[PDB]
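Accompanying notes for the structure given below.
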Amino acid sequence: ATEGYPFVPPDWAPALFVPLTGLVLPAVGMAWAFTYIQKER
Amino acid sequence: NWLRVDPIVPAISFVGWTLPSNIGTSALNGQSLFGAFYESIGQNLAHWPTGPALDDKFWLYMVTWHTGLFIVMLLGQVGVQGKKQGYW
Amino acid sequence: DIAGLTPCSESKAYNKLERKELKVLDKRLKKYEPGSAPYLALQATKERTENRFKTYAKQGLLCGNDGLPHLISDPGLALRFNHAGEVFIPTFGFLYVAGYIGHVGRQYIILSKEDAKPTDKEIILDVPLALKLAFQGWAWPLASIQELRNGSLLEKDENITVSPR
Amino acid sequence: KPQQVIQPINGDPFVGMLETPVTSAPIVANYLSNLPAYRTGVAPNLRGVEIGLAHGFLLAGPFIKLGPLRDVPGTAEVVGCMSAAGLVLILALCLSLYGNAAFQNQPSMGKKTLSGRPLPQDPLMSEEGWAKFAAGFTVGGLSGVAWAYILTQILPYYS
Amino acid sequence: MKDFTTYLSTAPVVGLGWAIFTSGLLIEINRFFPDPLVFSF
Amino acid sequence: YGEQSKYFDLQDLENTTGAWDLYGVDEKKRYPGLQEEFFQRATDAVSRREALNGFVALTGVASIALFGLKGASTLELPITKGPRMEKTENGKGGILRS
Amino acid sequence: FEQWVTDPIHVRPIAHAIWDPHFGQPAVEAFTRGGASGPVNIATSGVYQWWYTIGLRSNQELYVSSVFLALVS
Amino acid sequence: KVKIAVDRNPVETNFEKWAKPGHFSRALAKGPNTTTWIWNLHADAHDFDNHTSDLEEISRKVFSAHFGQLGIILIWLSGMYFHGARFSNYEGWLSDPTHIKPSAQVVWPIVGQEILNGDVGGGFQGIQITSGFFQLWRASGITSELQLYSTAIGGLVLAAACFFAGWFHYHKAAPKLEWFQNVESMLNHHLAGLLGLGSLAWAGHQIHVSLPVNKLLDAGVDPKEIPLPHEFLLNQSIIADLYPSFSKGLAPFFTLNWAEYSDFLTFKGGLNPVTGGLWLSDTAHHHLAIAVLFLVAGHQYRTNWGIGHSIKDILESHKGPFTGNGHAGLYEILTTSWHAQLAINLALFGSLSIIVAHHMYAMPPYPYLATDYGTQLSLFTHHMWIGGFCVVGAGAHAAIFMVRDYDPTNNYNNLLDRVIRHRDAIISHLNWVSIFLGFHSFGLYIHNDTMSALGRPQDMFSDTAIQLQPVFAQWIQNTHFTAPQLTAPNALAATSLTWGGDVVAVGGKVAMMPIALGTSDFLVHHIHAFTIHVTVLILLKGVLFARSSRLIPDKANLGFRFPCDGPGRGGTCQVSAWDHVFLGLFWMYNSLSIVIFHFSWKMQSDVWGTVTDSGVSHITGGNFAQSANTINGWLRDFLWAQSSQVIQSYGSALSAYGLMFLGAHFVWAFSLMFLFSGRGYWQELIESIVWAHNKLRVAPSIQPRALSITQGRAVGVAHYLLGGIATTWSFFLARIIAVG
């Protein structure tokens, strides 16, 4: 993009990025942490 | 575990027939409390898609008659089992 | 006229506050007959208000931008200007009584400790010795100074319970 | 003849339960023993199919009826169903996580049904058995969500 | 009298006598004299 | 166990500790026989916990990415619709910024 | 930031856009402050005044600053 | 069998035990070595169980303790009557109750307090009272201050008699244990005698005294020319014109012609439109029927003449198969434990005080009480809080009985033992219903707050949006409104105007108007049910786990009020039942605070107000149906829309309420030291202060010690409760005085 070439933001960037980091990222964090704390030995 | 718990005996279903004979056709106000209940369930069946409203008198007769019934079957069960066990 | 505070005798907001208080006090006066006892109480309240406003003025008191009198706390400034009556003389006035209570409590503690089971004396007070010490505590700073020099006031820490850190 | 209805389980006053008519009723015992989660001889995936079907059929209802788009006609019945499917997927993920967590070890002590006769091991109490159970749960939940969806399309009454 | 005045000498009564004395003293000072602010004699 | 008063024997400690399945039966294949293999083949590709955790995550991240990008603005969610004309000015005590 | 540079006393700073799917239709409209189109949040951190004071004018320079600080992180 | 067993002169009357303050406890009889001796002295002062193990001396002690409390209450009542006789405007208030605010406390002009002598009208200045004593003195026919003086002097005489009675019945003639154990005689004498005789005496006083005075008062006759009640009592001619049935002269009573008494023993539903209170004829027939019901119920038990009922037989005969032994030993417990009877009596007293508050807010039984919004609000809130306190104390003393007086010998398979047996099931089910009620009440509130905040009011739980209509309460309202039509045909109108169709108003202000119930009332009522279920969970868990628990099996041997069993098992802090009561006090405080907030908001928004020609305008804008569904709506439209008069009360008659408000804020905030903190830090700080006092030789002989952990918790809960109660008291009274 013009004058915004580092880390170019599309118009659908918030509408796509917000649900992964509020939905998918906490889910992966929860599952990874739950497998961590429940790991035996 | 002695599956006779809450003993299902048809003798205590007879006491459920005395209350429609006692409350019903016993004059008092109007015709009877059970008679008024019969009239109420009669007119309530006309509006099948809907139900009784807040201003309707059906709930009063229904609740009073049903607590009277529950009281009489509870007391009949208690008496008829205290007779058998020795509790009187 | 220090720190930008006008004297209370020549302050417009002080007189406006006095007029406002007289107005609301006289507002309640119209609801009672003049020969009634609430009228006499309201009249006495108004007289006490007027006497307080008069006595607060012409006494060196000053105020600034609020109509409420201010107090000068710095010694010297309250001595060169006539403001020692605000806090300078009440300072020694309180300290005399504060040292009075501390001295009579100390003498009662010392007198009770040289007695069998002294813990009972704290919950079972004795009247003649406490009242004698109460009336023998006017010269508290004179007793405090003489005990300070000779070690009877203080105690060396070799008989004082100290923390084990 | 006192009719001591309230008694401890197996005549044992030392453990948690006491045999009570909420528990000792033949109708309640027969209904609970015939529930899929207590059919020990049946494979855990066949357990999960019925359990997920029932739970995914029930979970669609509140989402359609009280969803944010409930006032929009025609679209509430699809939004509620896909949100129910997402909830079923979340519950399947948590079920798989529980299967990983609770069956990393091996149980050594049996269940001991009344008057003895215990089977070797419940396949539900195993790792791969609970994984199959969660697989049956998510398949049943998805099929139940789709069934509640098509029941909201063809209808003689309401939704 | 001795048996009663021993009870009279305990702390709750002393908790009143000092309280009554000091309270009444301050009431009479605030009553006969008006409300002052400055100790200018 | 439970002869006249005893509740412990140390050789059938499965009965001693109180481990009892109050509701447990061992009746196998209660559903009809043709019904199992339709669902047994349904589970076998997702029976492994690795296949199931991946599939839930596969339907998870894809549908989450579908929402907002394609999921929003088709349901007319009130986040990607835009304003008409509201809230340009702010400040009731004056100053009137923006 | 450009609108703040043109008029600091009038235009308000903006921190980040608000994409909350649980927002209602009045909620989206009532948060387009600072002369924006979408729902945005008014910045009170003071970085607008600081960056206008140190000579940052265009958002290209802020983009270069962001990528440089990400590189140094 | 029942007789009067009395021991004469067991205790000498002397100040020997007054000389030594620590004499009831052998641990405190040594001396005050530490500063905790004083707190143990004032704490174990009335704990008569550890003073001695003899039940007879404990019974004598509590008998004279009740005598002393009765004398104290009689002194207080005599003082209130004297205040109404001397410093009051009761004569002015009688001639004008709708325009002159009641006042019975007169302050001194000593230091600026003359602003507190508010202009209450009638040429009188003083503190505007809120107890409603003027309404009571108008119901019970009282005209002049001479009668109030006589009542005050009689109350002082009876208080002196009660104190002398306590001294006599302890020091001079103390009853034995068998005298106190005559439970059947006690019940018969306090059913037929106390309650029945008092009800009959009050009915007679209302019929012969209060009815003519109240009949002449609402007719416009000035009280100066109203005849004194002794003229009505002696002369049948004066009482005959006001009530024609008195011309018969007790003929219909003995000839069974009670229908002729339908003029002054009426059965009317509603309130008197002239005054706003209940009809005095209705109250006369009410108290007469209550006297009848208590005279017949007071002859039930068997004491000395064969006939009657034996309570042990009644308890042991009611045995049902799911309960095993049915009420088998409870007669033995309740005849030997003072704390069990204390728990029962305190629980029933607290619940009945709650009923008293609800049924005074519902039907005002006093003339010019409904329009006096301050008296009604104060009575409701005060009896609300007293009932809550009595219930919490009932739980506390039940736990004390559990710890001390409970023994396993008499109870094997009875109801108490089986309640002990399945206590975990009860606690778990109560926790489940606790979580369920908490979620679908408070989460509903939070969801409504969120949908309001998200700009979606159509997704809220309100009347405009999807609603939770309280159909059962509205059906009960409709049934009670239509109850005089069919089920009670002899009633003139509905028993209360909560569910009526008409609005009564005295002096241009609404006395009582019909109350509409919506989604907000549903939410607040289920919030109340949740909060009460939590508090009863805490109290019942404290009672049940006081003896033993899975954590601490030997909690019985550790006493009732102990701080902890140490940091073992992860820390067993607050494990005692005393700490359970300590938490239940706060939960009570939250419950009753929300209850009285609901009462004040609902009554100010839908009942209280000033009637106009063009409809009825309430105190608020009728915003309870629109703002009580959200927490922010509750806050802004109740605690912020009101309390604007408390902050601006300065310089006015109600500035003392603002001072009390801020002092209550201080005490409520000061309590959190004793709540959050512990003892070791405070003990070390006290050690440093002790070193400071040791340096210059002012060391006290009594060692200064920090407060005990139970002592610190008690101080914290006491300061917290006092601050919260005074906060709500000041806010409620200032709002209802400056507006109502």
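Letters A, B, C, D, E, F, G and H name the chains as they come in the text, with residue numbers starting at 1 for each one.
We adopt the following convention: contacts are C-beta pairs under 8 Å (C-beta built on N, C-alpha and C of every residue); 3 or more make two chains touch, one makes a residue touch a chain.
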item	value
Path length in the contact graph (subunit C to subunit H, fewest steps)	1
Other chains in touch with both subunit B and subunit H	D
Cα-centroid distance, subunit A relative to subunit G, in whole angstrom	22
Distance between chain centroids, defined by C-alpha means - subunit B, subunit D (Å)	37
Centroid distance [mean C-alpha coordinates] between subunit C and subunit B, Å	82
Where subunit B and subunit G are represented by their mean Cα positions, the distance between them in whole Å	73
Shared-contact residues (touching 2 or more other chains) in subunit C	122-123
Numbers and ranges of subunit F residues touching at least 2 other chains	53, 57, 60, 67-68, 72, 79
Where subunit H touches two or more other chains at once, by residue number	21, 321, 456
Contact pairs between chains, per stated definition	A-D, A-F, A-G, B-D, B-H, C-E, C-H, D-F, D-H, E-H, F-G, G-H
For the subunit H and subunit C complex, residues of the former touching the latter	21, 31-33, 38, 109, 114, 117, 119, 123-125, 651, 687, 690-691, 694-702
Subunit F - residues contacting subunit D, complex	2, 7, 14-15, 17-31, 36, 39-40, 42-43, 46-49, 51-53, 55-57, 59-60, 63, 75-76
Subunit G-facing residues of subunit A, complex	3-7, 14-15, 18-19
Residue ranges of subunit D touching subunit B (in the complex, touch as defined)	1-3, 5, 7, 19, 21, 24-26
Footprint of subunit H on subunit B - complex, ascending	29, 54-55, 57, 59-60, 78, 81, 85, 87
